[PDB]
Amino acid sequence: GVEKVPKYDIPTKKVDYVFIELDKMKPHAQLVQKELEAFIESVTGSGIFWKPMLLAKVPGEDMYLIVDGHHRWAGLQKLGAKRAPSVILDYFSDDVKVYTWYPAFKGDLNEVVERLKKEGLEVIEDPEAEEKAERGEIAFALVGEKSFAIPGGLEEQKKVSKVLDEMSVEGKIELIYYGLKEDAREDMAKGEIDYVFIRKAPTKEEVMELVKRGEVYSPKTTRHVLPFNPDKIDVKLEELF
């Protein structure tokens, strides 16, 4: 996924890592096979693991939510490793925020709507679609020249992400994930984007409940703004087995 995000000043802080067993970490997002593959190539290439996982302790369980690190986690498991260096966050601090991403596309709206309807969704023209999506009352608003409601909740949201990645792979559309919906509207005015998909961002509380149910979001659903990026670390791959 091509990304476009606000140039956020986030400070690097020197926080120590701790090794946490991979089987104590819970994903909140579906994996992206290419990102998994790129991590595997990179870590096996250097033999240094330099970027700690960011975790949050799951209330009432001997388990951690993966805040950042899904492909590191999954890649290390696929290689046979058993742990990863991790930074434990104060996740429910006001200092940690969660937003979402806004998938936007240049291409044919009609092929996209057909394919959405092919996976059991509907796409209803609706001038209040964006207001409804922002309140969490529908799955996605689809907004460009016309405004459309896509009814539902999580299952319908995952079909939308799934259809778009299929059509991206097929090269029937160009797909950019925007950090901010207004940057997708700043660029749409310029003529670079036709349409943007708008959902209500998940809350921290919802993220944690989802993993407690053993469920996951589509890729590019959560967008965490953290109080810091951990400084880089000096851990050998051989230490993780």
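In case it trips you up, residue 1 is the first one in the sequence shown, and so on.
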Can you tell me whether 194-202 has a higher mean C-alpha B factor than 33-41 in this record, or the other way round? 194-202
Could you check which stretch, 159-167 or 106-114, carries the larger mean CA temperature factor in the entry? 106-114
In terms of recorded Cα temperature factor, pick the maximum from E134, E122, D90, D94. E122
Candidate residues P127, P85, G80, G153, the one whose C-alpha B factor the record puts highest: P127
Could you say whether, by C-alpha temperature factor, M53 belongs to the lowest, middle or highest third of its chain? lowest
Ranked by Cα temperature factor within the chain, is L65 in the lowest third, the middle third or the highest third? lowest
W73: which third of its chain by C-alpha temperature factor? lowest
Quick tally, chain-level thirds of C-alpha B-factors: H28 sits in the lowest
